[PDB]
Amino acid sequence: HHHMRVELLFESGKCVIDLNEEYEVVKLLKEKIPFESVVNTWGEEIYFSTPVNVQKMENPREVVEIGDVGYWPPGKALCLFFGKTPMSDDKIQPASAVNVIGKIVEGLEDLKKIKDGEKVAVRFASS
């Protein structure tokens, strides 16, 4: 394991993500935690901007799976995929390629409760 558990605390719920530190963007996110951001939704994707800009993607994907965590360089955003985006009817299609850097491991079911504009506290997981 070179993985790190990050807790995301929203207003309406919370989750834990597991991120692979082998990816440059994850190494840099590590150095910025703790930070806070603000949530946006796009269908069943939550995304929020981060203070890390890494354009190069070691693992770009133009289709993702339920539970995937992506980094989207155009918006410098972490993206949480829990269902379909407005882009497709038979798969989860991000707007453009995202660097799939980890997985939602707890609280996947809380995500549908999160509204646009909720603050998020980005933290290392306490367990």
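Residues carry their position along the shown sequence, with the first being 1.
Colleague: Is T85 in the lowest, middle or highest third of its chain when residues are ranked by C-alpha B-factor?
Modeller: According to the entry, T85 has a C-alpha B-factor in the chain's middle third.
Colleague: Place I104 in the lowest, middle or highest third of its chain's C-alpha B-factors, as listed in the PDB entry.
Modeller: For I104, the deposited C-alpha B-factor lands in the lowest third.
Colleague: So where's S96 on the chain's Cα temperature factor ranking, which third?
Modeller: CA B-factor rank for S96: lowest third.
Colleague: Hey, what third does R61 fall into on Cα B-factor, ranked over its chain?
Modeller: Its C-alpha B-factor belongs to the lowest third of this chain's values.
Colleague: Split the chain's modelled residues into thirds by Cα B-factor; is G43 in the lowest, middle or highest one?
Modeller: As the PDB entry reports it, the C-alpha B-factor of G43 lands in the highest third of its chain.
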